[PDB]
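In the block that follows, a single chain appears as structure tokens, in the form deposited in one PDB entry.
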């Protein structure tokens, strides 16, 4: 929306105006059910819960939730599309090797079923990870839904709502990769830059100005590490000639006009960056957390980028609000994909 600080409210509203179907494989997980209850009450999405119908209904009753009577519940052991989904899974895993017998096992795994629902067009997005490892969430996602065209990996971005309104869009920047890839290749780093810029435009209403960060600015501190960022910058520009991407540059050159004017003259990014691309996961994971904690920024994420259809992974330590927000964001990813 017009102010970057109001983005979460805008995300919720956008979801409400165009209701999407979101699958929650963790249909008995309490925080997930609490979130689903509020989401359904607020008309944000149409919820699909995975689990034994009697078990799920009993859990809803046990937690005292009142807004989930009209939620779709699908039992992985018994539902109308079970054989169809089994055959689809076999088709996908035919070359790598999957027998009918163990396809029949896997289709009853809620995480696999969830991905097959989305892949089949019977839902618009999936969220899990409140009671599953990231690895266990991502494995069926990458096996069944897969990465989007051109993308060889997925990455995680955060909305960083900072108290420095003079930077980004009223203090908001997107930053990546903060979750997935330990040490991106130049090619992987270029993918991250393009994906994060696309996410920024599509979901956050930001006109991207993408800074490829380094301890060097435009050859000030040459090093093999610096070379990787330089190459990633060139590769990202080739991938997406429409985007404003520049690098390599230090964090102060990215944000501060005075510094940019000296260290990166004429740059279309330096001094007004609103998307920060970190060279490694050590940088990404440490830096966003320190900006959050030491800077009192609000960090919303991780938002997964590069999947062929919207899949997000929650922290196992997530709050109910975290789930509510990430479901709304998942819906916005789906809406964006449909409008483009």
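Only the largest set of C-alpha atoms that superpose within 1.5 Å between the two forms is called the rigid core. Residue numbers count along the first chain shown, from 1.
Higher mean CA temperature factor, per the PDB entry, when comparing 261-269 with 127-135: 127-135. Here the stretch with the larger average CA B-factor, out of 95-103 and 174-182, is 95-103. Comparing the listed residues 232, 141, 213, 197, the entry records the largest Cα B-factor for 141. Out of 220, 120, 250, 191, it is 120 whose C-alpha atom has the highest B-factor in the PDB entry.
Sort the chain's modelled residues by C-alpha temperature factor and residue 239 lands in the middle third, per the entry.
In the PDB entry, a CA B factor belonging to the highest third of its chain's modelled residues is recorded for residue 77. Per the deposited record, the Cα B-factor of residue 224 falls in the middle third when ranked against the other modelled residues of its chain.
Ranked by C-alpha B-factor against the other modelled residues of its chain, residue 26 falls in the middle third. In the deposited entry, the Cα temperature factor of residue 204 sits in the middle third of values across the chain's modelled residues.
If you look for the form deposited in another entry, you will not find it shown, but the lines that follow are about it.
Looking at CA displacements between this form and the one not shown with the core superposed, a shift of 2 Å or more is confined, among 287, 65, 281, 308, to 65.
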